[PDB]
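Engineer: so I've got this experimental structure, pasted below with the sequence.
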Amino acid sequence: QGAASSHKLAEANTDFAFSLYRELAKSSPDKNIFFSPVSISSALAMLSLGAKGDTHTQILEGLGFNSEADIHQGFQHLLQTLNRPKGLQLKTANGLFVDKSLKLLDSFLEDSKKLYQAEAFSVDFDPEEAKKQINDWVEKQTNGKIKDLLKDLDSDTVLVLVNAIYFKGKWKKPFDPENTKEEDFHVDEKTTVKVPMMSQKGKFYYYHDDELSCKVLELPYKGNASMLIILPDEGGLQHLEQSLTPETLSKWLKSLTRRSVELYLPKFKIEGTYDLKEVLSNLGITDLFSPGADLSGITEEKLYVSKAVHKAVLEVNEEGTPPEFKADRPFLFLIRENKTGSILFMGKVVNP
């Protein structure tokens, strides 16, 4: 009863972010992780617009809300904030593609656009020319930074959710290229990888958690966002991930002090592609992706979510505007919006 506060929204999003991280990490060790948890929260909420019955409850309770919670005004306000000119101006894509034989309730069509600024398309689902149209659209929407998103397409497909994002930020305090020297990145005991190491000597907000044997450090982005980098102490990553709760994050933000750091960070590019069906399956959101889904708020005809791809790409370089922090082994990071607190990105860099 009543649109949730902004604070409910920032708490739910963030307990959803970390639980999602925790599941991806469980299901694929030794692999790079990169996703935008705010984008997934948003795409589910958009879908909750058309979800009735218990398809609805699974989504809300998965995202972190009361069954009878009202979340839309809140999300609208938030995206409005992130998608502002003083922000990161994120090159993004969120398409909804339904079989063309389905008369969609054109109120759902209206709402998802004003509230979530994400377009929905009615399309014919022959496997061939339809994957092209979609992949080609994703390409456009991200300015060629996410090419050929979808791999295959089953014949019987009726509803495709696509969610894709590319990010490359400008640093507040830029690295000097003439400090970038090739170095060894110890991926593990038996594996070495030559990476270009950016080095900066300056003042950064910093903290050595030894309650969790690891280092934490903030890098500020141009558009009022910051990267939180978490460097585990020698071979303690496993346990670190276990201790990766919204409560720990807050402990860390309280503990950072602005210090002189000798900072060594690899320039890198990573990516993550995720099938939301198998990932959200553990988070309790299951019906939505299965024959008996209630989406009668999308169309009076039968319908469920046939496939859902989320893909995020991050590129980190030096551009552009004492304790040593040397990330020459696998580390965690996240990128948070300074004004809202919203976790835009979480990530793990194992293979730069």
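Structural biologist: Now that the structure is in, tell me what you want to look at. Numbers count the residues shown, from 1 in each chain.

Engineer: so what's the residue count around the residue nearest to residue 2 when sequence neighbours are not counted?
Structural biologist: Sequence neighbours aside, residue 70 is the residue nearest to residue 2 in space, at 5.9 Å (criterion: CB to CB, 6 or more residues apart in numbering). C-beta here means a position set from N, CA and C on the backbone, and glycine is covered the same way. For residue 70, the count of nearby residues is 14 (other CB atoms under 10 Å).

Engineer: residue 180 too?
Structural biologist: 17.

Engineer: repeat for the one 10 residues further on
Structural biologist: In terms of burial, residue 190 registers 6 neighbours under the definition other CB under 10 Å.

Engineer: which SS state does the residue nearest to residue 340 when sequence neighbours are not counted fall under?
Structural biologist: The shortest distance from residue 340 to any non-neighbouring residue, by CB to CB, 6+ apart, is to residue 81 (5.6 Å). Of the three states, residue 81 takes helix under DSSP: H, G, I helix; E, B strand; the rest coil.

Engineer: return the residues in contact with residue 164.
Structural biologist: Listed by CB atoms under 8 Å, 6 or more residues apart in numbering, the contact set of residue 164 reads 92, 93, 94, 138, 141, 142, 146, 149, 309, 310, 311, 312.

Engineer: so the third one, which state does it fall into?
Structural biologist: Translated: residue 94. Going by three-state DSSP: residue 94 is strand.

Engineer: what's across from it in the sheet?
Structural biologist: residue 163 (DSSP bridges).

Engineer: highest neighbour count among the contacts of residue 164?
Structural biologist: Neighbour-wise, the contacts of residue 164 (other CB under 10 Å) top out at residue 312, 27 neighbours.

Engineer: distance of it from residue 119?
Structural biologist: 19 Å (CB to CB, to the nearest Å).

Engineer: repeat that for residue 70.
Structural biologist: In terms of CB to CB, residue 70 sits 24 Å off from residue 119.

Engineer: kindly report the same for residue 223.
Structural biologist: 24 Å.

Engineer: for the stretch 151-300 of the chain, which segments count as strands?
Structural biologist: Taking DSSP state E, counting those that start in this stretch as the test, the strands found in the stretch 151-300 of the chain are 159-167, 181-188, 191-209, 214-220, 225-232, 257-266, 268-275.

Engineer: out of the ones you listed, which one sits most buried?
Structural biologist: Each of the strands of the stretch 151-300 of the chain was scored by mean neighbour count; the highest is strand 159-167, a mean of 24, by mean count of other CB atoms under 10 Å.

Engineer: chain center to that strand, what's the gap?
Structural biologist: In terms of CA atoms, centre = their mean, to the nearest Å, the centre of strand 159-167 is found 11 Å from the chain centre.

Engineer: mind listing what the residue nearest to residue 2 touches?
Structural biologist: By CB under 8 Å, 6+ apart, the neighbours of residue 70 are 1, 2, 3, 4.

Engineer: for this protein, what's the longest helix?
Structural biologist: Longest helix in the chain, counting residues (DSSP state H): helix 6-27.

Engineer: who does that helix touch, helix- and strand-wise?
Structural biologist: Helix 6-27 is packed against strand 33-35, helix 37-48, helix 53-63, helix 72-82, helix 237-242, helix 246-255, helix 276-279, strand 343-349, with contacts defined by 3 or more CB pairs under 8 Å, 6 or more residues apart in numbering; DSSP states H and E.

Engineer: so which of these gets nearest residue 208?
Structural biologist: The minimum distance between residue 208 and the helices and strands packed on helix 6-27 falls on helix 246-255, with 9.0 Å, by CB to CB.

Engineer: determine the angle, from 0 to 180 degrees, between that closest one and helix 6-27.
Structural biologist: Here helix 246-255 runs at an angle of 110 degrees relative to helix 6-27 (axes from the mean of the first three to the mean of the last three CA atoms, to 10 degrees).

Engineer: before we move on, the earlier item: for the residue nearest to residue 340, grab the count of nearby residues.
Structural biologist: What residue 81 shows, counting by other CB under 10 Å, is a neighbour count of 15.

Engineer: just the closest of the contacts of residue 164 to residue 76, please.
Structural biologist: residue 94 (14.1 Å).

Engineer: surely the closest one touches residue 113?
Structural biologist: No: between residue 94 and residue 113 there is no contact under CB atoms under 8 Å: 10.7 Å.

Engineer: joint contacts of these two?
Structural biologist: Common neighbours of residue 94 and residue 113 (CB under 8 Å, 6+ apart) are residue 119.
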